[PDB]
Structure formats: structure tokens, C-alpha cells
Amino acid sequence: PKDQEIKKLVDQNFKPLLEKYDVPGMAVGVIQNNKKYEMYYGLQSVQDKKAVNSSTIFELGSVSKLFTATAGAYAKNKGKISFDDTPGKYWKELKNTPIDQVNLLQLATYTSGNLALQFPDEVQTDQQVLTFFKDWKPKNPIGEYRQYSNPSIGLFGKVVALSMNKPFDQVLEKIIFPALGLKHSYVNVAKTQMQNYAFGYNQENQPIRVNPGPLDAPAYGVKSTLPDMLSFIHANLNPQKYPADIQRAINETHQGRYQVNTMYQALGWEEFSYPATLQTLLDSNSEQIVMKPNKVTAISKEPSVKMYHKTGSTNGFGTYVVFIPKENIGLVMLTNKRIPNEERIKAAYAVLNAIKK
């Protein structure tokens, strides 16, 4: 009923992308009015003729950053860290180095003022990563400029892990994932679940999966299922229904920290005044916003009514997650091939618009 109507909306707005971009497989979830709806298309593995289904595990890419943010907020609300702390309080070899002038909130929200999108090619081992951060020097004034960055939020996740005395994979797999009711989400996919891990596909439909990299886990290294991600949206829409420490942490991730044009940077999540135009949501993934440094403006008044989203990709996968508290709706799309972010944003906008009360 609503089942049929939503499936119809998804068939009209997401299904055509499968042909347009030759996508072998897709899971789209919608949560609305307190009910979850799971829609699956295609194959998780072309060679094995395995269909995408409720157990299929996808690479979330940068949507991993949401879990990193949630982990840090959890740490902070437990008094394990303060966001005014610097990384050398926790990772002692960086004590009294220049990166130790940048605080944990600034690493989380990409404002160190000299951290690019990726580590250089040459930084691969734990030691080379430690060395990179020892040798780091400032460029822009700390806190002034947003530059979307894996090394920035990776360094944040690493110190969060230190503050909890667990490697970061265990922070998520042992504490945060279960706290959010997630059952099949992973930093390292369990042995007994490899049969469920999709292959991703490149534009020649060669099957691929994410390779290891420096501080990968906190930046882009989580994998999950459609039901788990719909649980995660449910948690974002209803933090009050969770235990205090995870509840506090979820609420903390929604707090906007500074503004760039019409986007507010929260923890991991991007935040907008709601109702938001499509163009506002598209502009959030502009080359200028994603690839270049941008001067931030301090928030004077946060919007009283908001919505949040996050895009992510690995070479073989696309993810998009969106929720609007006031409408009590959300959506997740997972694909095992990249499709343009703007198509993900537009498709979701149409479906959410159609189901608003």
C-alpha cells in the first residue's frame, strides 16, 4: 500500500538509473512514518549470479565518515575527549608538534588549514603516517578554511580510538555498531560474510573492491547492508529511542559547526535549512565545495528546521543517505557501481518529496 506506492516511486526515480549507468546492483531503502521499506535490484555479483538482497554488504565510501563522527561524539559525551583537545594529548608522538595546535573538532570538520583530500601516494605504512603528521606545518589559519579531507577525519578517528583504548575497527564493531542496532556492518568484513560482500564494478564492469590505505577505516572503510543503514537512519530520526550515550552522540552529530554558503558543516553530516531547494543540495557536492579550500563563516543562528545528507563512493560503489527530522522521513541508496552524485541527490529529492505529508 504505502509499500506499493514507495516501490512505485523508487521504480520511477531510481530504477531508470540502472540502465542509464549500467549499474549491476542496487538497494534503496526508505523510512517514513516510522516504517522501513527495502527495495532491491540486480546482482551483487555478476560472475556468481547472486542477486542483491537484504544480506548484501556494500562499501559506503565517505558515508563511513558518519560513523567516525558518531564514534567521536560518543567518546566526547562519555568524557573520553573534549573537542577542544589537540591530537598530541592522545597520540603522544605528536605532542608539541604543529598539528598539535589543531583541535579535534577542527580535524573532524576539515579546518586544519593544510590537509588535502588524500594522503600523498607515498604515505602507506603506520610509520609513514605518523611521520606525515610529525612533519606537518600549517598553511592557512587554523579553523578558517574548509578542505574536505581523508587525512583530517582519519586523524580524528585515530585519536578517538586512542581515547577509548581500542583500535578504531573495534570501536565501531564492538561499541558503536551494536549501540545503533547494526548487525552486519564492518570495517573488516567477517570471514563468514564474504559470500554476502558485493563486488563493486568499474566502468568496464570489471569487479573490484576497496584497497587498503592510510587511515582508511575512519575515512572510507566501512561496509554495510541496507537494513543496517535504514537502522542508522532510524537512529538519526529518533535518537531519544536509544541509550543515553549513543543518543547524546547522535544528537551531537547534528549540531552545525560553521557555515559555507547554504551548507552547514555538522559532524560527518552536511546540514541545510529545511525546506531546501534541490539546487542547494546539489551545490553541496560542487567541485568548489568538495575539492578546494573554502572560507567558513561562524554560525550566528542555526536553522530551527533542518535536513542532512551525505554522499560517498569507493571506486566500485556509490552511497547516498538523507533524512529530515521534521517530516520523519529518510532514504538510503547503495549501488555496486558509481553513479553521478547529482543523480543520487535528484532521485532522492523526488522520492522524498512525493512521500511528504
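Start at 1 with the first residue shown and count on from there.
Task: Stretch with the higher entry mean CA B-factor, where the candidates are 263-271 and 112-120 - done: Taking the mean B-factor of the alpha carbons in each, 112-120 is higher.
- [ ] May I ask you to compare 5-13 and 337-345 by their mean CA B factor in the entry and name the higher one?
- [x] According to the PDB entry, the answer is 5-13.
Task: Out of 251, 106, 149, 211, residue topping the C-alpha B-factor column of the entry - done: Of 251, 106, 149, 211, 211 has the highest C-alpha B-factor.
- [ ] Identify, among 256, 227, 207, 239, the residue whose C-alpha carries the highest B-factor in the deposited PDB entry.
- [x] Reading the PDB entry, the winner on C-alpha B-factor is 207.
Task: residue 355, C-alpha B-factor rank within chain (lowest, middle or highest third) - done: Highest third.
Open item on the list: Quick check on the deposited entry: does the C-alpha B-factor of residue 55 sit in the lowest, middle or highest third of its chain?
Closed with: Within its chain, residue 55 is a middle-third residue by C-alpha B-factor, going by the deposited values.
Open item on the list: Quick check for you: using the entry's CA B-factors within this chain, is residue 184 in the lowest, middle or highest third?
Closed with: Middle third of the chain for residue 184's C-alpha B-factor.
Task: Within-chain third of residue 91 by Cα B-factor, per the entry - done: Answer is highest: the recorded C-alpha B-factor places it there.
TODO: Among all modelled residues of this chain, ranked by Cα B factor, put residue 304 in the bottom, middle or top third, i.e. lowest, middle or highest.
DONE: For residue 304, the deposited C-alpha B-factor lands in the highest third.
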